[PDB]
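Novice: Chains as they are written, first to last, in UniProt numbering: chain A, 169 to 194; chain B, 3 to 80; chain C, 15 to 121; chain D, 4 to 56; chain E, 1 to 96; chain F, 82 to 152.
So that we are looking at the same thing, I have put the structure below in structure tokens.
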Amino acid sequence: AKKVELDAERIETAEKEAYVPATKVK
Amino acid sequence: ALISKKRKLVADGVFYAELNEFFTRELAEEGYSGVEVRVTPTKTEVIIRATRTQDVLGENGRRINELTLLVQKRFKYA
Amino acid sequence: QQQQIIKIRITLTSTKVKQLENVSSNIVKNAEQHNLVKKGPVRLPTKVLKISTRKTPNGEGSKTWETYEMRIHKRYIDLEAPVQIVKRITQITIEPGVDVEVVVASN
Amino acid sequence: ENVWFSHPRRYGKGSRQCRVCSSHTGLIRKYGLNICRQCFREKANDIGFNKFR
Amino acid sequence: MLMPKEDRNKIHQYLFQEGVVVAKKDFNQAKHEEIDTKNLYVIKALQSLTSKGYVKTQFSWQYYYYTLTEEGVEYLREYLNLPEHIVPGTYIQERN
Amino acid sequence: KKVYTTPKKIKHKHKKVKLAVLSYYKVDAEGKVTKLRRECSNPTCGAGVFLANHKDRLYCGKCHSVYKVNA
RNA sequence: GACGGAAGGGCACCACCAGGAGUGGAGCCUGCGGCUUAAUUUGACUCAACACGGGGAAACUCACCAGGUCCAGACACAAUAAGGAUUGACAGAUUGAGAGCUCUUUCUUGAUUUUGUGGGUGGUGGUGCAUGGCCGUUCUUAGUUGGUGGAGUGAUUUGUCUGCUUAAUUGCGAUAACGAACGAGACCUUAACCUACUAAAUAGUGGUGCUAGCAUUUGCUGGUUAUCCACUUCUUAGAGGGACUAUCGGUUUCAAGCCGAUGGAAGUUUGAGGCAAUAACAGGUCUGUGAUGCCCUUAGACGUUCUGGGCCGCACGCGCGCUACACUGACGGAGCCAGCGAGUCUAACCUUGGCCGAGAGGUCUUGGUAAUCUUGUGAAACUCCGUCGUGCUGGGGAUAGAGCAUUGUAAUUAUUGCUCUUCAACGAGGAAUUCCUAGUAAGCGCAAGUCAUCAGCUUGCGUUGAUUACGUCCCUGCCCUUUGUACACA
Ligand SMILES: [Mg+2]
Ligand SMILES: [Mg+2]
Ligand SMILES: [Mg+2]
Ligand SMILES: [Mg+2]
Ligand SMILES: [Mg+2]
Ligand SMILES: [Mg+2]
Ligand SMILES: [Mg+2]
Ligand SMILES: [Mg+2]
Ligand SMILES: [Mg+2]
Ligand SMILES: [Mg+2]
Ligand SMILES: [Mg+2]
Ligand SMILES: [Mg+2]
Ligand SMILES: [Mg+2]
Ligand SMILES: [Mg+2]
Ligand SMILES: [Mg+2]
Ligand SMILES: [Mg+2]
Ligand SMILES: [Mg+2]
Ligand SMILES: [Mg+2]
Ligand SMILES: [Mg+2]
Ligand SMILES: [Mg+2]
Ligand SMILES: [Mg+2]
Ligand SMILES: [Mg+2]
Ligand SMILES: [Mg+2]
Ligand SMILES: [Mg+2]
Ligand SMILES: [Mg+2]
Ligand SMILES: [Mg+2]
Ligand SMILES: [Mg+2]
Ligand SMILES: [Mg+2]
Ligand SMILES: [Mg+2]
Ligand SMILES: [Zn+2]
Ligand SMILES: [Zn+2]
């Protein structure tokens with residue numbers, strides 16, 4: 169009842185493609 | 003661990019008092035009436051004595067789940 | 015195939031001499047009921063925790079003082095037993111308000 | 004981040020309060036029970052300090 | 001109160017999974033037990049959460065106890081954008 | 082009590098001057114962008130933060146204080 | 001009912017008698033007034049304010065004063081605003097300050113804040129004469145009430161009383177009352193008695209080993225946290241027992257009771273407490289409380305924090321104390337004996353022992369979460385042998401100079417300790433006034449509370465241990481009837 173267990177929902181929705189990273193010139 | 007007996011038994015007494023307060027405040031519309039705490043191997047027990055326990059429980063166990071978590075997070079029980 | 019001796023030491027400490035003594039004596043007849051070897055419950059001098067305080071929250075009035083006490087009774091019973099009884103005897107004979115302590119090792 | 008907001012509370016009446024009401028005045032410190040005398044009397048029974056003599 | 005949303009999330013998140021927060025009444029603690037923020041950020045965040053409903057408060061011996069409510073459940077559901085029927089302190093764990 | 086002693090000249094807060102933000106990104110010739118206000122070399126400042134130009138001074142504002150770069 | 005500056009009875013070392021030991025005088029300690037001050041925070045003023053608010057304040061405490069910061073001003077709306085609502089800061093100036101407080105200069109931050117109104121929020125701000133709760137006082141007191149009956153139209157009264165007795169409305173007795181309940185008693189706790197019960201290397205004895213010293217004649221005096229055996233008198237604490245003013249005798253309505261004698265651990269409620277009815281107070285406490293009404297204040301804050309000062313300030317008045325005036329003594333050697341206690345985990349409490357140091361202390365280690373180690377707490381008065389010899393003396397130890405140490409971030413207005421020096425008043429205290437009846441008074445230290453450091457205070461504790469009553473109402477205080485009242489907010 170009222171499943172998906174938020175404590176582990178960030179662990180099931182832990183798939184990538186939610187960031188970006190690039191820097192460091194001069 | 004590693005306490006004195008005098009310090010231990012007094013420490014438990016205070017423990018009772020702080021516990022009995024927090025329920026006395028949090029379970030007033032439930033006719034809270036006092037507690038006892040049973041210290042066993044692997045478990046510490048707490049028996050709420052109220053006249054309206056069906057409201058202490060909460061929908062299939064919501065409210066006591068909060069009260070435990072409350073008592074838990076404060077006195078640093080695992 | 016098990017069960018050697020361990021030379022146990024069960025200390026009982028509490029402020030409820032009726033429940034303390036009940037757990038204290040029931041142990042002594044749950045051990046010679048089944049033929050161990052032991053030194054009977056040893057009563058340590060009951061210590062008395064005094065607290066002396068004025069009754070008044072404020073300062074007015076004759077200086078009425080008032081002293082509370084909290085008495086601590088601490089027993090110990092030494093048992094020579096195997097692992098089978100001591101673990102049977104630690105789960106049972108629990109009592110809310112009688113702190114059982116079980117130590118081993120004559121060293 | 005504010006290096007301008009505190010001063011040693013390591014000892015004396017400023018370091019300790021009453022675990023019930025937070026007063027520093029007239030703390031009973033015996034047995035680590037750390038309760039002011041006015042709170043102790045309204046809790047002494049539940050702590051296990053009773054009146055025999 | 002003034003604080004970066006960064007610390008707001010740690011509170012708002014942790015309140016959702018655990019459903020209940022505790023906090024000693026002593027600002028200047030500089031680090032909550034179990035949370036990654038200053039103690040002060042906790043108490044005044046929950047106070048803000050409490051004053052628009054969403055959570056009750058109990059004090060009793062210098063420790064706040066905060067009880068996430070039903071009407072609160074949907075709010076931080078929005079603020080954490082998690083979907084309807086995600087979770088709370090509302091799980092009967094396994095068989096206990 | 083003894084209200085209102087107060088010899089004069091009350092104190093003011095900070096203002097945080099308006100300063101309609103940087104066009105300090107000079108492009109040269111449509112659209113070679115020459116990027117005025119040299120940036121900062123601390124890995125907590127991902128080179129998007131620049132250095133303030135006072136006298137004897139290149140200051141990293143993103144470091145609330147840290148790391149005076151001297152040029 | 002309450003009250004009287006009427007009458008009659010009681011009761012008590014917060015009353016006297018009989019005395020003890022004192023206070024009142026002195027030096028200092030400590031509180032209250034006063035004055036002083038930037039401020040010297042404040043409550044309380046007969047018993048029932050004045051070493052009381054556990055109130056021994058260097059910061060903290062903290063309320064006061066001279067100054068500097070911060071918002072930790074929830075939430076609703078509104079305005080502002082992504083072309084930036086707002087946040088922060090290097091160095092400088094500034095500042096007590098290495099506070100970006102403010103300012104110069106100019107990066108930074110991204111809707112968290114800002115401004116405003118409404119609403120709230122904290123406050124050791126006011127109000128104890130708005131309250132809760134608690135406490136103190138009357139009260140070292142003995143009073144409160146219903147059932148059945150009796151008296152009165154009624155409110156009520158009788159019961160609940162002249163006397164006697166008791167610590168007690170405790171009873172005896174008398175009796176239109178009879179028979180009960182609350183409160184007193186009972187009860188509970190502690191200190192006393194067990195060679196009877198159950199045992200104990202965390203308590204201790206006798207035996208034996210193993211072992212030392214002296215005498216030798218077999219003895220005497222010790223060592224040995226297990227080399228063994230046994231015991232529970234001593235210590236411990238469970239269960240019981242024990243006393244009921246017993247037996248006998250004087251006295252007495254020969255009633256409750258009282259007094260003496262024997263026995264007894266114990267016969268003053270066995271001693272000392274804990275608990276304690278109905279009621280009253282404008283008693284104290286909003287400065288213990290995140291107990292609280294209302295009022296005040298709420299960003300140049302009465303919020304809060306930080307820096308420094310103050311609560312200790314000194315012509316003086318009052319109160320609790322400490323130490324004294326010496327020969328029942330100081331001093332120096334030597335003897336050398338208690339009890340109630342406490343004591344360190346996510347930490348630096350209680351400290352043995354060995355060194356170093358005159359001392360205070362230091363340093364190296366160690367036992368203890370404790371009947372196990374500190375500790376036999378080898379405490380102090382005290383007891384013993386000497387020195388001094390009545391002289392402000394070697395009694396007395398104020399004031400003060402100089403040095404060394406500990407506690408703490410900090411010791412200056414000197415926290416404390418030690419050393420040398422300085423060597424005051426005080427030659428027993430006017431009028432006054434306090435406390436007390438047996439292991440009590442007084443003398444004497446100790447542990448605990450507070451406590452980083454500081455007890456001349458307090459709560460308890462044991463040690464040494466009397467004199468004089470064992471009565472009364474004269475003084476003072478309070479109860480009780482009677483009686484008067486036009487009081488009943490009494
Ligand atoms: Mg005893
Ligand atoms: Mg006399
Ligand atoms: Mg005299
Ligand atoms: Mg007043
Ligand atoms: Mg200050
Ligand atoms: Mg600040
Ligand atoms: Mg506003
Ligand atoms: Mg307003
Ligand atoms: Mg208040
Ligand atoms: Mg009053
Ligand atoms: Mg009152
Ligand atoms: Mg008397
Ligand atoms: Mg009639
Ligand atoms: Mg009468
Ligand atoms: Mg015996
Ligand atoms: Mg005799
Ligand atoms: Mg008044
Ligand atoms: Mg109060
Ligand atoms: Mg003072
Ligand atoms: Mg002398
Ligand atoms: Mg001598
Ligand atoms: Mg030297
Ligand atoms: Mg150790
Ligand atoms: Mg002289
Ligand atoms: Mg004299
Ligand atoms: Mg002390
Ligand atoms: Mg004092
Ligand atoms: Mg008499
Ligand atoms: Mg009349
Ligand atoms: Zn308190
Ligand atoms: Zn930088």
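The C-beta atom is built at its ideal place from N, Cα and C for all residues, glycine as well.
Going along chain E in order, which residues have a C-beta closer than 8 angstroms to the C-beta of residue 23 of chain D?
Specialist: Taking the fourth sequence and counting its residues from 1, one reaches residue 23 of chain D at position 20. What residue 23 of chain D touches in chain E: 61 and 62.
Novice: Based on DSSP bridge pairs, tell me the residues matched to residue 53 of chain D.
Specialist: Locating residue 53 of chain D in the fourth sequence gives position 50, counting from the first residue. In the DSSP output, where bridge partners are listed per residue, residue 53 of chain D has C/83.
Novice: Relative to the alpha-carbon of residue 6 of chain D, which residue among E/28, E/5, E/17 and E/81 has its alpha-carbon at the smallest distance?
Specialist: Position 3 of the fourth sequence holds residue 6 of chain D. Considering only alpha carbons, the answer is E/28.
Novice: When the distance is taken between beta carbons, is residue 84 of chain C closer than 9 angstroms to residue 15 of chain B?
Specialist: Within the second sequence, the letter at position 13 stands for residue 15 of chain B. Within the third sequence, the letter at position 70 stands for residue 84 of chain C. Closer than 9 angstroms, so yes.
Novice: Helix, strand or coil for residue 119 of chain F, going by three-state DSSP, please let me know.
Specialist: One-based indexing of the sixth sequence puts residue 119 of chain F at position 38. In the structure shown, residue 119 of chain F sits in coil (DSSP, three-state: anything other than H, G, I, E or B).
Novice: Would you list, in sequence order, the uninterrupted beta strand (DSSP E) runs of no fewer than 3 residues that lie entirely inside the region 17-50 of chain C?
Specialist: Segments of the beta strand (DSSP E) lying fully in the region 17-50 of chain C: 22-28.
Novice: Taking 9 angstroms as the CB-CB cut-off, is residue 26 of chain D touching chain E?
Specialist: For this step, residue 26 of chain D is matched to residue 23 along the fourth sequence. Taking Cβ atoms only, chain E never reaches closer than 9 angstroms to residue 26 of chain D, which makes this a no.
Novice: Using the DSSP secondary-structure output, state which residues sit across from residue 21 of chain D in a beta bridge.
Specialist: One-based indexing of the fourth sequence puts residue 21 of chain D at position 18. Paired residues: none, contrary to the question.
Novice: With DSSP collapsed to three states, give me the class of residue 34 of chain B.
Specialist: Sequence index remark: in the second sequence, residue 34 of chain B carries index 32 (1-based). Three-state DSSP puts residue 34 of chain B in a strand.
Novice: Output, in sequence order along the chain, the residues in the region 50-63 of chain C whose CB is closer than 9 angstroms to any CB in chain D.
Specialist: Under the 9 angstroms Cβ criterion, the region 50-63 of chain C contributes 63.
Novice: By DSSP's criteria, residue 139 of chain F is part of a beta bridge. Which residues make up the other side?
Specialist: By 1-based counting over the sixth sequence, the position of residue 139 of chain F is 58. Its beta-bridge partners are F/134 and F/150.
Novice: Please list the terminal residues of the continuous beta strand (DSSP E) segment that includes residue 66 of chain C.
Specialist: The residue labelled residue 66 of chain C in the question sits at position 52 within the third sequence. From DSSP, the beta strand (DSSP E) with residue 66 of chain C extends over 61-68.
Novice: Does residue 44 of chain B pass the burial test, meaning 16 or more other C-beta atoms within 10 Å, or should it be called exposed?
Specialist: As a first step, residue 44 of chain B is located in the second sequence; it is residue number 42 there, counting from the start. Classification of residue 44 of chain B: exposed, given that the 10 Å Cβ count is below 16.
Novice: What does residue 128 of chain F touch in chain A if you count any residue whose Cβ is under 8 angstroms from its own?
Specialist: Counting from 1 along the sixth sequence, the entry for residue 128 of chain F is found at position 47. The answer, in chain order, is 191, 192, 193 and 194.
Novice: Shorter than 9 angstroms from the beta carbon of residue 15 of chain B to some beta carbon of chain C?
Specialist: Here residue 15 of chain B corresponds to residue number 13 of the second sequence, with the count starting at 1. Residue 15 of chain B counts as touching chain C.
Novice: At a Cβ cut of 8 angstroms, what residues of the region 109-143 of chain F count as close to chain A, listed as they run along the chain?
Specialist: Within the region 109-143 of chain F, the qualifying residues are 119, 120, 127, 128 and 129.
Novice: Among the candidates E/61, E/80, E/66 and E/83, whose CA atom is the shortest distance from the CA of residue 43 of chain E?
Specialist: In the fifth sequence, residue 43 of chain E corresponds to position 43, counting from 1. Of the candidates E/61, E/80, E/66 and E/83, the one whose C-alpha sits nearest the C-alpha of residue 43 of chain E is E/66.
Novice: Report, in whole angstroms, the separation of the C-beta atoms of residue 19 of chain B and residue 31 of chain D, which I expect to be a contact under 8 angstroms.
Specialist: As a first step, residue 19 of chain B must be located in the second sequence, where it is residue number 17. As a first step, residue 31 of chain D must be located in the fourth sequence, where it is residue number 28. So it is not a contact: roughly 13 angstroms between Cβ atoms.
Novice: Would you mind reading off the limits of the beta strand (DSSP E) that contains residue 50 of chain B?
Specialist: Here residue 50 of chain B refers to the residue found at position 48 of the second sequence. Counting along the chain, the beta strand (DSSP E) containing residue 50 of chain B begins and ends at 45-52.
Novice: Contact defined as beta carbons within less than 8 angstroms: I believe residue 15 of chain E pairs with residue 68 of chain E. What is the distance between those atoms, to the nearest angstrom?
Specialist: On the fifth sequence, residue 15 of chain E is found 15 positions in, with the first residue counted as 1. On the fifth sequence, residue 68 of chain E is found 68 positions in, with the first residue counted as 1. The pair is a contact, with the Cβ atoms about 6 angstroms apart (cut-off 8 angstroms).
Novice: Excluding sequence positions up to five away, which residues of its chain have a Cβ less than 7 angstroms from the Cβ of residue 53 of chain C?
Specialist: Taking the third sequence and counting its residues from 1, the one referred to as residue 53 of chain C is at position 39. Excluding residues within five positions, the ones whose Cβ falls inside 7 angstroms are 92.
Novice: Under 9 angstroms between C-beta atoms, does residue 55 of chain E make it to chain B?
Specialist: In the fifth sequence, residue 55 of chain E corresponds to position 55, counting from 1. Cβ-Cβ to chain B under 9 angstroms: no for residue 55 of chain E.
Novice: Start and end of the beta strand (DSSP E) containing residue 56 of chain E?
Specialist: Position 56 of the fifth sequence, counting from 1, holds the residue named residue 56 of chain E. Looking at the DSSP string, the run of the beta strand (DSSP E) that includes residue 56 of chain E is 55-58.
Novice: Does the beta carbon of residue 32 of chain C sit closer than 9 angstroms to a beta carbon anywhere in chain B?
Specialist: Within the third sequence, the letter at position 18 stands for residue 32 of chain C. By this cut-off, residue 32 of chain C is not an interface position.
Novice: Give the DSSP-derived three-state secondary structure of residue 94 of chain E in the structure shown.
Specialist: Your numbering for residue 94 of chain E matches position 94 in the fifth sequence. Residue 94 of chain E: coil per DSSP, three-state reduction.
Novice: Output, in sequence order along the chain, the residues in the region 66-87 of chain C whose CB is closer than 9 angstroms to any CB in chain B.
Specialist: Going along the region 66-87 of chain C in chain order, one finds 84 and 86 with a Cβ nearer than 9 angstroms to chain B.
Novice: Starting from the Cα of residue 64 of chain C, find the closest Cα among D/11, D/39 and D/33 and give me that residue.
Specialist: The residue labelled residue 64 of chain C in the question sits at position 50 within the third sequence. Nearest of D/11, D/39 and D/33 to residue 64 of chain C, Cα basis: D/33.
Novice: Give me the residue from F/143, F/131 and F/111 with the minimum Cα distance to residue 193 of chain A.
Specialist: Your numbering for residue 193 of chain A matches position 25 in the first sequence. Ranking F/143, F/131 and F/111 by Cα distance to residue 193 of chain A puts F/131 first.
Novice: Taking a contact to mean a Cβ-Cβ separation below 9 angstroms, would you say residue 115 of chain C touches residue 25 of chain C in this structure?
Specialist: Taking the first residue of the third sequence as position 1, residue 115 of chain C is located at position 101. Taking the first residue of the third sequence as position 1, residue 25 of chain C is located at position 11. Contact: yes.
Novice: Could you tell me which residues DSSP puts in a beta bridge with residue 30 of chain D?
Specialist: Stepping through the fourth sequence from its first residue, residue 30 of chain D is reached at position 27. The partner list for residue 30 of chain D (beta bridge, DSSP) reads D/39.
Novice: Report buried or exposed for residue 4 of chain E, applying the criterion of at least 16 other Cβ atoms within 10 angstroms of its Cβ.
Specialist: Sequence index remark: in the fifth sequence, residue 4 of chain E carries index 4 (1-based). So residue 4 of chain E counts as exposed.
Novice: Output, in chain order, the set of chain B residues within a Cβ distance shorter than 9 angstroms of residue 41 of chain C.
Specialist: Against the third sequence, residue 41 of chain C aligns to sequence position 27. The contacting residues do not exist; residue 41 of chain C stays about 16 angstroms from chain B at best.
Novice: Are the CB atoms of residue 56 of chain C and residue 86 of chain C within a distance shorter than 9 angstroms?
Specialist: As a working note, residue 86 of chain C is residue 72 in the third sequence. As a working note, residue 56 of chain C is residue 42 in the third sequence. Not closer than 9 angstroms, so no.
Novice: Find the residues of chain B that neighbour residue 74 of chain E, judging by a C-beta separation of less than 7 angstroms, and give them in chain order.
Specialist: Reading the fifth sequence from its first residue, position 74 is the one you call residue 74 of chain E. Per Cβ cutoff of 7 angstroms: no residues; residue 74 of chain E is ~16 angstroms from chain B at best.
Novice: Residues bridged to residue 94 of chain C by DSSP?
Specialist: For the purposes of this step, residue 94 of chain C is taken as the residue at position 80 of the third sequence. In the DSSP output, where bridge partners are listed per residue, residue 94 of chain C has C/51.
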